[PDB]
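To begin, one chain is listed below as structure tokens, in the form solved without the ligand.
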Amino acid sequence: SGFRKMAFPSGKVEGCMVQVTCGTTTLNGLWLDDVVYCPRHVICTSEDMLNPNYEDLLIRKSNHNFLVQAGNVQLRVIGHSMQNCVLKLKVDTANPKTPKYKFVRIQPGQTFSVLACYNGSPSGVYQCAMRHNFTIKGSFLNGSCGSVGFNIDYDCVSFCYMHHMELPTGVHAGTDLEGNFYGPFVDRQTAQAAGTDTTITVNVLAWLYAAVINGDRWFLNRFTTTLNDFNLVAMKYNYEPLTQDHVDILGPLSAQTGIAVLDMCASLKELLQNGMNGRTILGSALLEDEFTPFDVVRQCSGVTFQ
């Protein structure tokens, strides 16, 4: 019993974190095979950060200008290239700790674990959702640039995120491991602000199922609804439209509890309009939207990894 927000065990990734230094700036890198991956704004200075010329600044850099430390050991750089917003440093040694991995790009609403690091050292791990405005609400202090987010499938690590910057509202923005930003952001010291966010409706439903699985059920009612009636209510409360697809991923939970998806939907729409009656669900006084359906299944059936 019980239900916590839960991250993937981080061991496979802590073996990959290194420290990267270019002049006065030091940040984190991801050492896989013989390549170290890190944000390309490491080559920047404070002077040319309002308008970087990243191709221009790169070639002028020597392979020995980049200093890569893995713990007490130094890594010689024998080459570099830039892929979108990610720098790649070729080193002469393969990482003996490289796990099975693959680079994936995630969809808004999907969750992942973040390994926050500083000076190449893993500091903490936590669970984030890719918000619909393509930010994540993380916890990142100065020097956490280059920290990575990931999921684990069986024994394959899926790297989905690499941290680049903080937005003025305190939310965070980054790229996939191929250097493409999530959302309408750029890595320049310019003025940027996240779009308007929406509740990940399917995640709220999954969380309500997790509450029912755990015996927390005061919100269930006798009513049902349809996609059309629900969505008209959802827009006015700034909720993501519930598609036919969403219902089918909720299938397993709809089976294991005996509450149909449109049945659960009528409970959620009542909570939207009436409120929570000063009560809590799963020890929360707000509708939690950072648990995906797979997160609830993985946690309420005990999937383990390697």
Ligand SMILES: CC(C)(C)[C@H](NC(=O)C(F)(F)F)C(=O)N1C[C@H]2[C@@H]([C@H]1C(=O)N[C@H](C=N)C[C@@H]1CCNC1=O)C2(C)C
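Each residue number is its position in the shown sequence, starting from 1.
- Mean CA temperature factor is higher for 293 to 301 when stretches 293 to 301 and 9 to 17 are set side by side in the entry.
- The question of which stretch, 222 to 230 or 89 to 97, has the higher mean Cα B factor is settled in favour of 222 to 230.
- The entry lists C-alpha B-factors for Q127, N214, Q83, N72, and the highest of these is at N72.
- Reading the B-factor column for the CA atoms of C38, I281, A266, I59 in the entry, the top value corresponds to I59.
- Sort the chain's modelled residues by C-alpha temperature factor and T190 lands in the highest third, per the entry.
- In this PDB entry, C44 carries a Cα temperature factor that places it within the highest third of its chain's modelled residues.
- Sort the chain's modelled residues by C-alpha temperature factor and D33 lands in the lowest third, per the entry.
- In this PDB entry, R76 carries a Cα temperature factor that places it within the highest third of its chain's modelled residues.
- The entry lists a Cα temperature factor for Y118 that places it in the middle third of the chain's modelled residues.
One more form of this protein exists, namely the form solved in complex with the ligand; it is left out here, but the text below deals with it.
- Comment: 156 to 164 is the region of 225 to 233, 156 to 164, 69 to 77, 108 to 116 lying near the ligand in the deposited complex, near meaning a non-hydrogen atom within 4.5 Å.
- The partner is absent here; in the deposited complex, the one residue of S81, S123, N180, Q192 having a heavy atom within 4.5 Å of the ligand is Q192.
- Every member of the trio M49, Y54 and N142 reaches the ligand in the deposited complex with some non-hydrogen atom inside 4.5 Å.
- In the deposited complex, the ligand sits within 4.5 Å of a heavy atom belonging to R188.
- Put simply, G215 is far from the ligand in the deposited complex: not one heavy atom of it is within 4.5 Å.
- Among residues of the shown chain, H172 is one whose heavy atoms approach the ligand to within 4.5 Å in the deposited complex.
- For the chain shown alone, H41 is a contact residue for the ligand in the deposited complex, at least one non-hydrogen atom being within 4.5 angstroms.
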